[PDB]
Each structure stands twice: as structure tokens, then as C-alpha cells.
Amino acid sequence: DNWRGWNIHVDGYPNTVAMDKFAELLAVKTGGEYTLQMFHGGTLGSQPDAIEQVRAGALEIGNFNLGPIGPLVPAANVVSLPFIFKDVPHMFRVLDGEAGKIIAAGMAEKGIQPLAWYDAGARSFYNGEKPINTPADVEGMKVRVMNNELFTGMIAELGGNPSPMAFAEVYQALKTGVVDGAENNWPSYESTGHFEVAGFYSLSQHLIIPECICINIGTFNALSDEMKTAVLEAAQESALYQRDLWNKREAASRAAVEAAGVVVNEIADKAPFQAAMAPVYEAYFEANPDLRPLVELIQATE
Ligand SMILES: O=C(O)[C@H]1O[C@@H](O)[C@H](O)[C@@H](O)[C@@H]1O
Ligand SMILES: [Cl-]
């Protein structure tokens, strides 16, 4: 009845405050029959490890980015395709439609039930050496990515050298030059300290990946109908709050790092970055023929 949950983020981060709210709302709506203890800051382990713990039932709850879920769940892997959404509002429109049900089904199929969707904005490149404006600027650059071969591909097609690595280890790696750069949204770039050791941020906005509040499906299925309704309502309400927190944080984060001296650039012509992803998309299609229509469905959505 007393659950444990994972979140990788630090204090005050939108996801952190929102998962606390999820835990609070779970206890309220279930009259104390179900409670949740959060372990924030990744103190329970890396994201892939936590995903395995939730799937195995060693942990009940996670706030997981879908990036590291992709290698486990083909349908979820669709949101890890570079340049598949035009922007965050587009993503949410796609997720509240048929794409979302398919992604959820695929997830539930691998033992992990999404309960609500969180915003994590768009991810963009950052490094300590120079601005990125064209794919040529990425050639030879060692860029850290999350643990998903779609992202190793993305970097290789821009001529970089990908380095999949745990999020926790990125600050040191940038500090010592083991990697040259990485990529993420404004709040992560700011909260982890990466901006202090990688002060060029280039708005490629190459990935727009949602997150979820995740529950082990056995845990969820064992609930009564009314408790499932309570858990879903808590999750959904936490996520609406998270989305409000998120939009204020993106601006505050961006402003704080610009003030600290970060040099920001837009990418005027993103088209060559997109064009270079042909082989990554085509290589997902070859691995997952059945899911070509999921990709087309998303790209067809306004
Ligand atoms: O880059 C990463 O590993 C991290 O990126 C952040 O944006 C996600 O919120 C976090 O779940 C990931 O662990
Ligand atoms: Cl990680």
C-alpha cells in the first residue's frame, strides 16, 4: 500500500514539485489507503535502471522521460524520432489523440502503465567550444546522448561522435572534456550545472520528447475500480500542475543562464538537420514496419 517512486530531478524542478503533488493527491483521493514516498535527485539509480525496477515491480512509480523507454517499447520509441513534432503544443495534441493510445498500449504491453503526460519542452545542443548553426558545426564533436540508438544515429548523421551516458555523469564529462557537448531543455541545462561547463546553447530543438507518470501495471491492475480512478485523477491533476510549473520554469531557467553569460543562438535553417535524419527514420521503419503508420499519423496531425 505504501509505494516508492523515482524522479531524477533536483529541488524545485517542475517534475519534482509535481510528483510531490501526485503523492499528496494520491493520499488525499484514496483517503490514506495508498501513499507514495518519492526519491528525487536520481538517488535510486539511473533512468534505465529505474525503468527496469518499475517493470519488475521492485518500484511502483516513476516519472520517466520517454527517451529511455523507447528501446523497451517500439511504439513509445516514435517520440524519440528527431524533428517528428513541430513544437510542444503539437506533441500534446498528438498525445491526446490516437497516437497516445497506441503508445500507452505498447507501454502497458511491456508492464508499464502511463497515467499522465508531463512536458519536458524541446531539447537543443550545448557545448563549450562554439555555436552550432549547421550540421558541419557538429562534425567531430563528442556529444552525449541518452541511452537510445535513435540518438546515437542522430549524432552520427550530423557527423558527430555520440556518447551514450547516464545523466548524472554528464557534468563531470563536460568538465574534463570526455564529451564536448550534450543536448537538453532549458531547465535541465540550468539545474544540472551544465551551463557552467558548456556555455554555448544552440536552439536546434531537434527532439521534443514527453514524459509520463509511470506505474507498474500489476500494482495498478490490483486496485479496485474506484482506486484506479483516484490514481488516474491524481496523476492527471499532477500533470496539469506540472505543465503550469514547466512553462514558468523554461523562461526562468533560460533567463538565469543568459544572465550568467551563456551565449545563445537560434538555428535559422533547421532544414539540413532534418534532412540528415532520413537514415534514422528509415532505420526505425526497417526495424518496426508495423509502426510506419504511427509515424505518418503524427506527422499528419495539425
Ligand atoms: O538527458 C537526460 O538524461 C535527461 O533529460 C531530461 O530532459 C529528462 O527530464 C530527464 O528524464 C533525462 O534523464
Ligand atoms: Cl540516466
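Structural data are supplied above this passage.
Residues numbered from 1 in each chain as written, not as in the entry; some residues may be left out. Chains lettered and ligands numbered in written order. Heavy atoms only, no water.

Q: Residues and numbers for the nonpolar core, please.
A: Within soluble globular proteins, side chains that are nonpolar tend to cluster in buried spots. Counting 60 residues, the largest nonpolar core has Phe64, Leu66, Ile69, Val78, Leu81, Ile103 and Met107 as the members making the most contacts within it. If one sorts the elements of this core by residue count, helix 3 (residues 88-95) sits on top with five residues. The contacts of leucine 66, once residues within four sequence positions are left out, are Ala76, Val79, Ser80, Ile103, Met107, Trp117, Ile209, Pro210, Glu211 and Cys212. Listed in part, the 24 residues of the second largest apolar core include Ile61, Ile213, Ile215 and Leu223. (Core = buried A, V, L, I, M, F, W, Y, C linked by side-chain atoms within 4.5 Å. Buried < 20%, exposed > 50% of the residue type's maximum accessible area, 1.4 Å probe, protein only. Helix = DSSP H or I, 4+ residues; strand = E, 2+ residues; numbered from the N terminus. Contact = heavy atoms within 4.5 Å.)

Q: Describe the site of ligand 1, listing the residues and the values that go with them.
A: Around ligand 1, the surrounding shell consists of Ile8, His9, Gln47, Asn65, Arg123, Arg144, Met146, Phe167, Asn184, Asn185, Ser188 and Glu211. A distance of 3.0 Å separates an oxygen atom of ligand 1 from a polar side-chain atom of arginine 123. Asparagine 185 is positioned with one of its side-chain polar atoms (N or O) 3.2 Å from an oxygen atom of ligand 1. Burial of ligand 1 by the protein chains amounts to 97% of its free accessible area of 320 Å². Among the residues forming the shell around ligand 1, the class breakdown is three nonpolar, six polar and three charged. (Near = heavy atom within 4 Å. Polar contact = N/O pair within 3.5 Å; in protein donor to acceptor, adjacent residues only side chain to side chain. Areas by Shrake-Rupley, 256 points an atom, 1.4 Å probe, with all protein chains shown as cover. Nonpolar A, V, L, I, M, F, W, Y, C, P; charged D, E, K, R; others polar.)

Q: Tell me about unusual backbone geometry, and please be specific about residues and values.
A: For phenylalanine 83, which is not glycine, the phi torsion reads 65° and is therefore positive. With respect to the helices, strands and loops of the structure, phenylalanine 83 is situated in the loop between strand 3 (61-65) and helix 3. Even without being a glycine, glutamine 205 presents a positive backbone phi close to 45°. Relative to the elements of secondary structure, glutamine 205 occurs in strand 9 (residues 200-207).

Q: Go over the pairing of strand 9, please, and point to the residues and values.
A: Along strand 9, seven of the eight residues are buried, which leaves the element largely enclosed by surrounding structure. As judged from the four bridges shared by strand 9 and strand 11 (residues 263-266), these two strands associate in the parallel manner. Residue pairing across strands places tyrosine 201 opposite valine 264, the latter belonging to strand 11. (Pairing = 2+ DSSP bridges.)

Q: Any chance you could break down the sheet that holds strand 4 (residues 112-118) for me, citing the residues and the numbers?
A: Pairing is mixed across the open sheet formed by five strands, whose spatial order is 2-1-3-10-4. Unpaired on one side and paired on the other, strand 2 (35-39) and strand 4 mark the two borders of the sheet. Looking at each pair of strands side by side, their axes are set apart by 25° on average, direction ignored. Relative to strand 10 (residues 211-216), strand 4 is paired through six bridges, and the arrangement is antiparallel. (Axes fitted to C-alpha atoms, helices over the stretch in contact; angles between N-to-C directions.)

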